[PDB]
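As provided, data.pdb (PDB, C-alpha atoms and all ligand atoms) reads as follows.
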```pdb
ATOM      1  CA  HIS A   1      -5.915  -4.680   0.805  1.00  0.00           C
ATOM      2  CA  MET A   2      -8.646  -2.611   2.419  1.00  0.00           C
ATOM      3  CA  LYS A   3      -9.631  -1.372   5.871  1.00  0.00           C
ATOM      4  CA  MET A   4     -12.861  -0.339   7.560  1.00  0.00           C
ATOM      5  CA  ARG A   5     -13.281   3.438   7.873  1.00  0.00           C
ATOM      6  CA  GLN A   6     -16.713   3.591   9.543  1.00  0.00           C
ATOM      7  CA  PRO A   7     -17.415   2.482  12.188  1.00  0.00           C
ATOM      8  CA  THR A   8     -13.991   3.681  13.314  1.00  0.00           C
ATOM      9  CA  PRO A   9     -11.818   0.649  14.223  1.00  0.00           C
ATOM     10  CA  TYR A  10      -9.885   0.119  17.402  1.00  0.00           C
ATOM     11  CA  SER A  11      -6.296   1.348  17.263  1.00  0.00           C
ATOM     12  CA  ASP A  12      -6.758   2.802  13.809  1.00  0.00           C
ATOM     13  CA  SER A  13      -3.270   4.337  13.688  1.00  0.00           C
ATOM     14  CA  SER A  14      -1.626   0.873  13.754  1.00  0.00           C
ATOM     15  CA  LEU A  15      -4.291  -0.865  11.647  1.00  0.00           C
ATOM     16  CA  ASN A  16      -3.016  -1.783   8.180  1.00  0.00           C
ATOM     17  CA  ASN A  17      -4.698  -3.073   4.981  1.00  0.00           C
ATOM     18  CA  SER A  18      -3.271  -6.601   5.139  1.00  0.00           C
ATOM     19  CA  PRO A  19      -5.465  -9.712   5.426  1.00  0.00           C
ATOM     20  CA  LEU A  20      -5.384 -11.918   8.484  1.00  0.00           C
ATOM     21  CA  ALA A  21      -2.330 -14.137   8.725  1.00  0.00           C
ATOM     22  CA  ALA A  22      -2.975 -17.299   6.724  1.00  0.00           C
ATOM     23  CA  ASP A  23      -2.081 -19.413   9.756  1.00  0.00           C
ATOM     24  CA  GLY A  24      -4.860 -17.939  11.929  1.00  0.00           C
ATOM     25  CA  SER A  25      -2.397 -16.535  14.462  1.00  0.00           C
ATOM     26  CA  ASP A  26      -3.765 -12.971  14.438  1.00  0.00           C
ATOM     27  CA  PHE A  27      -7.463 -13.868  14.282  1.00  0.00           C
ATOM     28  CA  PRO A  28      -9.597 -12.129  15.449  1.00  0.00           C
ATOM     29  CA  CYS A  29      -9.191  -8.438  14.610  1.00  0.00           C
ATOM     30  CA  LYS A  30      -5.480  -8.512  13.611  1.00  0.00           C
ATOM     31  CA  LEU A  31      -4.026  -9.193  17.055  1.00  0.00           C
ATOM     32  CA  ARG A  32      -0.916  -7.088  17.658  1.00  0.00           C
ATOM     33  CA  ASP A  33       0.538  -4.736  20.252  1.00  0.00           C
ATOM     34  CA  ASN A  34      -2.160  -2.443  21.667  1.00  0.00           C
ATOM     35  CA  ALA A  35      -4.795  -3.694  19.227  1.00  0.00           C
ATOM     36  CA  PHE A  36      -7.927  -2.606  21.130  1.00  0.00           C
ATOM     37  CA  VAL A  37      -7.653   1.119  21.934  1.00  0.00           C
ATOM     38  CA  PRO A  38     -11.089   2.693  21.365  1.00  0.00           C
ATOM     39  CA  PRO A  39     -11.368   5.745  19.109  1.00  0.00           C
ATOM     40  CA  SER A  40     -12.040   8.988  20.917  1.00  0.00           C
ATOM     41  CA  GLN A  41     -15.627   9.475  19.816  1.00  0.00           C
ATOM     42  CA  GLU A  42     -18.131   6.820  20.812  1.00  0.00           C
ATOM     43  CA  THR A  43     -19.903   5.095  17.915  1.00  0.00           C
ATOM     44  CA  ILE A  44     -23.547   4.994  19.020  1.00  0.00           C
ATOM     45  CA  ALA A  45     -25.904   2.720  17.087  1.00  0.00           C
ATOM     46  CA  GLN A  46     -29.556   3.005  18.043  1.00  0.00           C
ATOM     47  CA  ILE A  47     -31.605  -0.121  17.493  1.00  0.00           C
ATOM     48  CA  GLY A  48     -33.205   0.227  14.070  1.00  0.00           C
ATOM     49  CA  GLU A  49     -30.896   3.052  12.924  1.00  0.00           C
ATOM     50  CA  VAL A  50     -29.245   2.681   9.518  1.00  0.00           C
ATOM     51  CA  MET A  51     -25.489   2.937  10.252  1.00  0.00           C
ATOM     52  CA  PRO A  52     -22.695   3.544   7.720  1.00  0.00           C
ATOM     53  CA  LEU A  53     -20.201   0.834   6.783  1.00  0.00           C
ATOM     54  CA  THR A  54     -17.429   2.382   4.689  1.00  0.00           C
ATOM     55  CA  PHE A  55     -13.888   1.502   3.651  1.00  0.00           C
ATOM     56  CA  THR A  56     -10.513   2.890   2.670  1.00  0.00           C
ATOM     57  CA  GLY A  57      -8.192   1.475   0.037  1.00  0.00           C
ATOM     58  CA  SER A  58      -8.123   0.746  -3.698  1.00  0.00           C
ATOM     59  CA  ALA A  59      -7.075  -2.934  -3.747  1.00  0.00           C
ATOM     60  CA  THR A  60     -10.668  -4.189  -3.916  1.00  0.00           C
ATOM     61  CA  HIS A  61      -9.803  -7.592  -5.472  1.00  0.00           C
ATOM     62  CA  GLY A  62     -12.974  -7.665  -7.560  1.00  0.00           C
ATOM     63  CA  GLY A  63     -15.104  -7.367  -4.433  1.00  0.00           C
ATOM     64  CA  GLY A  64     -16.356 -10.514  -2.758  1.00  0.00           C
ATOM     65  CA  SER A  65     -18.533 -11.073   0.277  1.00  0.00           C
ATOM     66  CA  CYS A  66     -18.601  -9.656   3.777  1.00  0.00           C
ATOM     67  CA  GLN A  67     -20.206 -10.063   7.170  1.00  0.00           C
ATOM     68  CA  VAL A  68     -20.930  -7.648   9.999  1.00  0.00           C
ATOM     69  CA  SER A  69     -20.849  -9.409  13.382  1.00  0.00           C
ATOM     70  CA  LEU A  70     -21.022  -8.468  17.073  1.00  0.00           C
ATOM     71  CA  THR A  71     -19.444  -9.834  20.246  1.00  0.00           C
ATOM     72  CA  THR A  72     -19.763  -8.675  23.827  1.00  0.00           C
ATOM     73  CA  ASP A  73     -15.989  -9.075  24.203  1.00  0.00           C
ATOM     74  CA  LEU A  74     -14.239  -5.705  24.217  1.00  0.00           C
ATOM     75  CA  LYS A  75     -10.815  -7.322  23.758  1.00  0.00           C
ATOM     76  CA  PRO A  76     -11.770 -10.136  21.368  1.00  0.00           C
ATOM     77  CA  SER A  77      -9.787 -13.370  21.300  1.00  0.00           C
ATOM     78  CA  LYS A  78     -10.110 -16.764  19.649  1.00  0.00           C
ATOM     79  CA  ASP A  79     -12.710 -17.680  22.286  1.00  0.00           C
ATOM     80  CA  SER A  80     -14.997 -14.740  21.487  1.00  0.00           C
ATOM     81  CA  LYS A  81     -18.489 -15.691  20.330  1.00  0.00           C
ATOM     82  CA  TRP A  82     -19.781 -13.670  17.400  1.00  0.00           C
ATOM     83  CA  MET A  83     -23.320 -12.933  16.221  1.00  0.00           C
ATOM     84  CA  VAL A  84     -23.785 -12.170  12.514  1.00  0.00           C
ATOM     85  CA  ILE A  85     -26.179  -9.280  11.946  1.00  0.00           C
ATOM     86  CA  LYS A  86     -25.668  -8.823   8.180  1.00  0.00           C
ATOM     87  CA  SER A  87     -24.236 -10.791   5.266  1.00  0.00           C
ATOM     88  CA  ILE A  88     -23.332  -9.123   1.975  1.00  0.00           C
ATOM     89  CA  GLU A  89     -22.902 -11.680  -0.820  1.00  0.00           C
ATOM     90  CA  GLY A  90     -21.143 -10.124  -3.803  1.00  0.00           C
ATOM     91  CA  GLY A  91     -20.111  -6.532  -4.422  1.00  0.00           C
ATOM     92  CA  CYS A  92     -18.338  -5.993  -1.075  1.00  0.00           C
ATOM     93  CA  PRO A  93     -16.318  -3.840  -0.553  1.00  0.00           C
ATOM     94  CA  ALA A  94     -16.854  -2.847  -4.191  1.00  0.00           C
ATOM     95  CA  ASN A  95     -18.751  -4.026  -7.272  1.00  0.00           C
ATOM     96  CA  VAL A  96     -15.962  -3.814  -9.840  1.00  0.00           C
ATOM     97  CA  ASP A  97     -14.149  -6.598 -11.624  1.00  0.00           C
ATOM     98  CA  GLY A  98     -10.732  -5.822 -10.144  1.00  0.00           C
ATOM     99  CA  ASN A  99      -8.968  -3.035  -8.267  1.00  0.00           C
ATOM    100  CA  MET A 100      -9.766   0.682  -8.167  1.00  0.00           C
ATOM    101  CA  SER A 101      -7.768   3.861  -8.571  1.00  0.00           C
ATOM    102  CA  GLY A 102      -6.325   5.889  -5.739  1.00  0.00           C
ATOM    103  CA  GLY A 103      -3.826   4.889  -3.100  1.00  0.00           C
ATOM    104  CA  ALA A 104      -3.937   2.685  -0.035  1.00  0.00           C
ATOM    105  CA  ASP A 105      -5.710   5.573   1.724  1.00  0.00           C
ATOM    106  CA  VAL A 106      -8.424   6.490  -0.802  1.00  0.00           C
ATOM    107  CA  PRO A 107     -12.023   6.566   0.471  1.00  0.00           C
ATOM    108  CA  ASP A 108     -13.814   3.671  -1.237  1.00  0.00           C
ATOM    109  CA  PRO A 109     -16.705   5.186  -3.265  1.00  0.00           C
ATOM    110  CA  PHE A 110     -18.842   2.069  -2.692  1.00  0.00           C
ATOM    111  CA  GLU A 111     -20.569   2.498   0.671  1.00  0.00           C
ATOM    112  CA  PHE A 112     -22.628   0.079   2.738  1.00  0.00           C
ATOM    113  CA  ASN A 113     -24.799   0.030   5.851  1.00  0.00           C
ATOM    114  CA  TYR A 114     -26.018  -2.133   8.704  1.00  0.00           C
ATOM    115  CA  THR A 115     -28.792  -1.922  11.292  1.00  0.00           C
ATOM    116  CA  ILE A 116     -28.697  -3.281  14.819  1.00  0.00           C
ATOM    117  CA  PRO A 117     -31.734  -5.612  14.908  1.00  0.00           C
ATOM    118  CA  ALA A 118     -34.355  -5.971  17.607  1.00  0.00           C
ATOM    119  CA  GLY A 119     -32.765  -9.017  19.247  1.00  0.00           C
ATOM    120  CA  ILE A 120     -29.538  -7.235  20.315  1.00  0.00           C
ATOM    121  CA  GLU A 121     -29.694  -5.771  23.820  1.00  0.00           C
ATOM    122  CA  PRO A 122     -28.378  -2.252  24.502  1.00  0.00           C
ATOM    123  CA  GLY A 123     -24.779  -2.329  25.686  1.00  0.00           C
ATOM    124  CA  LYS A 124     -21.151  -2.182  24.578  1.00  0.00           C
ATOM    125  CA  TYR A 125     -19.950  -4.512  21.821  1.00  0.00           C
ATOM    126  CA  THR A 126     -17.169  -5.102  19.374  1.00  0.00           C
ATOM    127  CA  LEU A 127     -18.310  -5.018  15.742  1.00  0.00           C
ATOM    128  CA  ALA A 128     -16.299  -6.983  13.185  1.00  0.00           C
ATOM    129  CA  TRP A 129     -16.206  -6.511   9.442  1.00  0.00           C
ATOM    130  CA  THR A 130     -14.997  -9.656   7.670  1.00  0.00           C
ATOM    131  CA  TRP A 131     -14.297  -9.897   3.950  1.00  0.00           C
ATOM    132  CA  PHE A 132     -13.512 -12.762   1.575  1.00  0.00           C
ATOM    133  CA  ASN A 133     -11.871 -11.294  -1.534  1.00  0.00           C
ATOM    134  CA  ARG A 134     -13.139 -12.501  -4.906  1.00  0.00           C
ATOM    135  CA  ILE A 135      -9.843 -12.362  -6.857  1.00  0.00           C
ATOM    136  CA  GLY A 136      -6.295 -13.152  -5.775  1.00  0.00           C
ATOM    137  CA  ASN A 137      -4.924 -15.412  -3.075  1.00  0.00           C
ATOM    138  CA  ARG A 138      -7.475 -17.009  -0.741  1.00  0.00           C
ATOM    139  CA  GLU A 139      -7.574 -14.609   2.221  1.00  0.00           C
ATOM    140  CA  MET A 140      -9.814 -13.385   5.015  1.00  0.00           C
ATOM    141  CA  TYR A 141      -9.766  -9.697   5.967  1.00  0.00           C
ATOM    142  CA  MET A 142     -11.052  -8.529   9.344  1.00  0.00           C
ATOM    143  CA  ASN A 143     -11.218  -5.260  11.270  1.00  0.00           C
ATOM    144  CA  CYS A 144     -12.918  -4.575  14.588  1.00  0.00           C
ATOM    145  CA  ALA A 145     -14.507  -1.480  16.096  1.00  0.00           C
ATOM    146  CA  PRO A 146     -16.164  -0.689  19.435  1.00  0.00           C
ATOM    147  CA  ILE A 147     -19.832   0.298  19.248  1.00  0.00           C
ATOM    148  CA  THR A 148     -22.451   1.141  21.861  1.00  0.00           C
ATOM    149  CA  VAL A 149     -25.968  -0.046  21.095  1.00  0.00           C
ATOM    150  CA  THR A 150     -28.724   2.150  22.537  1.00  0.00           C
ATOM    151  CA  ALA A 151     -32.493   1.756  22.602  1.00  0.00           C
ATOM    152  CA  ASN A 152     -30.908 -16.320  17.396  1.00  0.00           C
ATOM    153  CA  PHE A 153     -27.996 -15.127  15.203  1.00  0.00           C
ATOM    154  CA  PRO A 154     -25.546 -17.195  13.135  1.00  0.00           C
ATOM    155  CA  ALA A 155     -21.953 -17.632  14.143  1.00  0.00           C
ATOM    156  CA  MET A 156     -19.392 -15.741  12.081  1.00  0.00           C
ATOM    157  CA  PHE A 157     -18.171 -17.497   8.957  1.00  0.00           C
ATOM    158  CA  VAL A 158     -14.441 -18.263   9.183  1.00  0.00           C
ATOM    159  CA  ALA A 159     -12.368 -19.478   6.224  1.00  0.00           C
ATOM    160  CA  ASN A 160      -8.930 -19.241   4.605  1.00  0.00           C
ATOM    161  CA  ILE A 161      -7.285 -19.056   8.044  1.00  0.00           C
ATOM    162  CA  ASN A 162      -8.277 -22.734   8.750  1.00  0.00           C
ATOM    163  CA  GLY A 163      -9.052 -25.810   6.585  1.00  0.00           C
ATOM    164  CA  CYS A 164     -12.103 -24.216   4.972  1.00  0.00           C
ATOM    165  CA  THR A 165     -10.742 -22.732   1.738  1.00  0.00           C
ATOM    166  CA  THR A 166     -12.859 -20.631  -0.626  1.00  0.00           C
ATOM    167  CA  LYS A 167     -12.927 -20.816  -4.425  1.00  0.00           C
ATOM    168  CA  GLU A 168     -11.098 -18.126  -6.376  1.00  0.00           C
ATOM    169  CA  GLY A 169     -13.134 -15.913  -8.674  1.00  0.00           C
ATOM    170  CA  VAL A 170     -16.541 -16.161  -6.989  1.00  0.00           C
ATOM    171  CA  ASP A 171     -18.559 -14.097  -4.537  1.00  0.00           C
ATOM    172  CA  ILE A 172     -19.088 -16.649  -1.800  1.00  0.00           C
ATOM    173  CA  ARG A 173     -22.472 -17.368  -0.241  1.00  0.00           C
ATOM    174  CA  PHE A 174     -22.222 -18.061   3.473  1.00  0.00           C
ATOM    175  CA  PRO A 175     -23.713 -21.372   4.673  1.00  0.00           C
ATOM    176  CA  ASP A 176     -25.615 -19.620   7.508  1.00  0.00           C
ATOM    177  CA  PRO A 177     -25.867 -15.954   6.470  1.00  0.00           C
ATOM    178  CA  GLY A 178     -28.769 -14.987   8.762  1.00  0.00           C
ATOM    179  CA  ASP A 179     -32.040 -13.217   8.011  1.00  0.00           C
ATOM    180  CA  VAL A 180     -30.428 -10.036   6.587  1.00  0.00           C
ATOM    181  CA  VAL A 181     -28.666 -10.919   3.325  1.00  0.00           C
ATOM    182  CA  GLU A 182     -27.860  -8.383   0.635  1.00  0.00           C
ATOM    183  CA  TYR A 183     -26.584  -9.097  -2.891  1.00  0.00           C
ATOM    184  CA  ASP A 184     -24.495  -6.184  -4.154  1.00  0.00           C
ATOM    185  CA  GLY A 185     -22.509  -7.828  -6.955  1.00  0.00           C
ATOM    186  CA  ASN A 186     -22.964  -9.153 -10.453  1.00  0.00           C
ATOM    187  CA  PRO A 187     -25.081 -12.317 -10.601  1.00  0.00           C
ATOM    188  CA  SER A 188     -22.521 -14.031 -12.846  1.00  0.00           C
ATOM    189  CA  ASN A 189     -19.949 -14.035 -10.004  1.00  0.00           C
ATOM    190  CA  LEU A 190     -22.158 -15.572  -7.314  1.00  0.00           C
ATOM    191  CA  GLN A 191     -20.907 -18.970  -6.200  1.00  0.00           C
ATOM    192  CA  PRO A 192     -22.993 -21.509  -8.170  1.00  0.00           C
ATOM    193  CA  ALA A 193     -25.832 -23.261  -6.390  1.00  0.00           C
ATOM    194  CA  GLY A 194     -24.860 -26.673  -5.100  1.00  0.00           C
ATOM    195  CA  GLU A 195     -21.241 -25.802  -4.322  1.00  0.00           C
ATOM    196  CA  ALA A 196     -20.312 -25.261  -0.685  1.00  0.00           C
ATOM    197  CA  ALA A 197     -18.499 -22.118   0.415  1.00  0.00           C
ATOM    198  CA  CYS A 198     -15.641 -24.356   1.645  1.00  0.00           C
TER     199      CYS A 198
HETATM  200  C1  LIG B 201     -28.065  -0.015   2.518  1.00  0.00           C
HETATM  201  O1  LIG B 201     -27.239  -0.417   1.471  1.00  0.00           O
HETATM  202  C2  LIG B 201     -27.907  -1.260   0.519  1.00  0.00           C
HETATM  203  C3  LIG B 201     -26.866  -1.689  -0.487  1.00  0.00           C
HETATM  204  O2  LIG B 201     -26.391  -0.581  -1.239  1.00  0.00           O
HETATM  205  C4  LIG B 201     -29.071  -0.507  -0.120  1.00  0.00           C
HETATM  206  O3  LIG B 201     -29.782  -1.395  -0.975  1.00  0.00           O
HETATM  207  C5  LIG B 201     -30.004   0.047   0.947  1.00  0.00           C
HETATM  208  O4  LIG B 201     -30.990   0.867   0.329  1.00  0.00           O
HETATM  209  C6  LIG B 201     -29.206   0.844   1.971  1.00  0.00           C
HETATM  210  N1  LIG B 201     -30.066   1.312   3.043  1.00  0.00           N
HETATM  211  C7  LIG B 201     -30.442   2.589   3.164  1.00  0.00           C
HETATM  212  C8  LIG B 201     -31.321   2.908   4.336  1.00  0.00           C
HETATM  213  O5  LIG B 201     -30.099   3.445   2.353  1.00  0.00           O
HETATM  214  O1  LIG B 202     -18.184   3.329  29.225  1.00  0.00           O
HETATM  215  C1  LIG B 202     -19.266   3.600  28.744  1.00  0.00           C
HETATM  216  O2  LIG B 202     -20.361   3.775  29.539  1.00  0.00           O
HETATM  217  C2  LIG B 202     -21.529   3.873  28.693  1.00  0.00           C
HETATM  218  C3  LIG B 202     -22.312   2.566  28.696  1.00  0.00           C
HETATM  219  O3  LIG B 202     -23.494   2.780  29.472  1.00  0.00           O
HETATM  220  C4  LIG B 202     -22.716   2.079  27.323  1.00  0.00           C
HETATM  221  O4  LIG B 202     -23.524   0.914  27.452  1.00  0.00           O
HETATM  222  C5  LIG B 202     -20.936   4.194  27.359  1.00  0.00           C
HETATM  223  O5  LIG B 202     -21.741   4.672  26.390  1.00  0.00           O
HETATM  224  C6  LIG B 202     -19.603   3.874  27.365  1.00  0.00           C
HETATM  225  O6  LIG B 202     -18.760   3.887  26.298  1.00  0.00           O
HETATM  226 CU    CU B 203      -5.081  -7.045  -1.057  1.00  0.00          CU
END
```

What is this structure when it is put down as structure tokens?
Amino acid sequence: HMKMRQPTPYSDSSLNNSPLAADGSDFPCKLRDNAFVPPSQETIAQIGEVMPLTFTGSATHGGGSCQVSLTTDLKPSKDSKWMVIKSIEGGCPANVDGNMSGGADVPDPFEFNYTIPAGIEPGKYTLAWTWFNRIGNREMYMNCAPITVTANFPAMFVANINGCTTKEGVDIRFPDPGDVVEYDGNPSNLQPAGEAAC
């Protein structure tokens, strides 16, 4: 149970910590009433700028693995096409063995980053954070935020809301993580070589 803090998600005041519905019904972005209201301040990401990726919550579930992905859709739906710009395998959204202290609203001390790469054209996008928790029930977490990019990619990995089911206890390694892959966890938790993520 975690949520993205930066970049600021759409409709943050109605955005909760819960994972996506196991049946896929609220993929993408936790579909719900008025799900796609932009925050007041525009999140501007210059190409090549190191941008913050930060979280709120203490129920870190031993970490896991995350992606950062972009779509041109400003009201994403099941038909939205996503472009992965970063994969974090292990240690996301925290490199601890279980949960942390603080409440549902605590700023997560473990912080991350992403950079818009050279192949993304300037324009408005939705950015998604997705997270596959290491410990606990097999879930997929997802929050979405508008960003404006100012002056060839894998499709998003989707699991646990379909037939692809991940293995409990491991930091998964995405089949097609892209050219920007970061390992932020303990090597002993990385999914063993030769096992598929599903
Ligand atoms: C982004 O975060 C990763 C993981 O902590 C770190 O290795 C890297 O140095 C960070 N980038 C910058 C520019 O600080
Ligand atoms: O509505 C918008 O207009 C500009 C657009 O030019 C961005 O590509 C901007 O920053 C918005 O949020
Ligand atoms: Cu949880």

For ligand LIG 202 (chain B), list the contacting residues at 6 Å or closer, counting all atoms listed in the file, as a ChimeraX atom specification. /A:123-124,148

Produce a file of the selected residues containing C-alpha atoms, as a compact mmCIF listing (two decimals), in the frame of the given file.
```txt
# COMPACT_ATOMS: atom_id res chain seq x y z
CA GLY A 123 -24.78 -2.33 25.69
CA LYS A 124 -21.15 -2.18 24.58
CA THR A 148 -22.45 1.14 21.86
```

Report the closest atom pair, with its distance in Å rounded to one decimal, for each residue of chain A that has an atom no farther than 8 Å from ligand LIG 201 (chain B); count all atoms listed in the file, sort by chain and then rising residue number, and write it as CSV.
```
residue,atom,partner,partner_atom,distance
A:50,CA,B:LIG201,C8,5.6
A:111,CA,B:LIG201,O2,6.9
A:112,CA,B:LIG201,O1,4.8
A:113,CA,B:LIG201,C1,4.7
A:114,CA,B:LIG201,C1,6.9
A:182,CA,B:LIG201,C3,6.9
A:183,CA,B:LIG201,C3,7.8
A:184,CA,B:LIG201,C3,6.3
```

Rows by chain and residue number, chain A within 9 Å of ligand CU 203 (chain B), shortest pair, all atoms listed in the file, as CSV:
```
residue,atom,partner,partner_atom,distance
A:1,CA,B:CU203,CU,3.1
A:2,CA,B:CU203,CU,6.7
A:17,CA,B:CU203,CU,7.2
A:18,CA,B:CU203,CU,6.5
A:19,CA,B:CU203,CU,7.0
A:58,CA,B:CU203,CU,8.8
A:59,CA,B:CU203,CU,5.3
A:60,CA,B:CU203,CU,6.9
A:61,CA,B:CU203,CU,6.5
A:133,CA,B:CU203,CU,8.0
A:136,CA,B:CU203,CU,7.8
A:137,CA,B:CU203,CU,8.6
A:139,CA,B:CU203,CU,8.6
A:141,CA,B:CU203,CU,8.8
```

Which polymer residues have any atom within 10 Å of an atom of residue A:85, counting all atoms listed in the file, with same-chain residues fewer than 2 positions away left out, as number ranges by chain? A: 67-70, 82-83, 87, 114-117, 119-120, 127, 153-156, 177-181

Go through the shown structure with the PyMOL selection byres (((chain A and resi 46) around 9) and not hetatm) and write out the matching residues as a ChimeraX atom specification. /A:44-45,47-51,115-116,122,148-151

Got a sec to resolve the PyMOL selection byres (((chain A and resi 132) around 12) and not hetatm) on this structure and send the residues as a ChimeraX atom specification? /A:1-2,19-20,60-67,87-94,129-131,133-142,157-161,165-174,197-198

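In this comparison, which uses all atoms listed in the file, the residue of A:109, A:9, A:103, A:163 approaching residue A:57 most closely is A:103.
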
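In this model, the gap between atom CA of residue A:26 and atom CA of residue A:98 comes to 26.5 Å.
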
Pull out every residue that the PyMOL selection byres (((chain A and resi 37) around 6) and not hetatm) matches in the shown coordinates and put them as a count of residues only. 4

Determine the axis-aligned bounding box of all atoms of stretch 136-151 of chain A present in the file, pad each side by 3 Å, and express its centre and edge lengths in Å to one decimal place as JSON.
```
{"center_x": -18.7, "center_y": -7.4, "center_z": 8.4, "size_x": 33.6, "size_y": 25.2, "size_z": 34.4}
```

Please, what distance in Å, to one decimal, runs between atom CA of residue A:125 and atom CA of residue A:71? 5.6 Å

Of the listed residues A:118, A:34, A:189, A:56, that which approaches residue A:101 most closely, counting all atoms listed in the file: A:56

One decimal, in Å: what's the spacing between atom CA of residue A:43 and atom CA of residue A:126?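 Value for the atom CA of residue A:43-atom CA of residue A:126 distance: 10.7 Å.
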
Would you list the contacts of residue A:31 as an MDAnalysis selection string, taking every protein, DNA or RNA residue within 9 Å and counting only C-alpha atoms, but skipping same-chain residues closer than 6 positions in sequence? chainID A and resid 25 76:77

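Using all atoms listed in the file for every distance, the candidate list A:185, A:121, A:8, A:190 yields A:121 as the residue closest to residue A:72.
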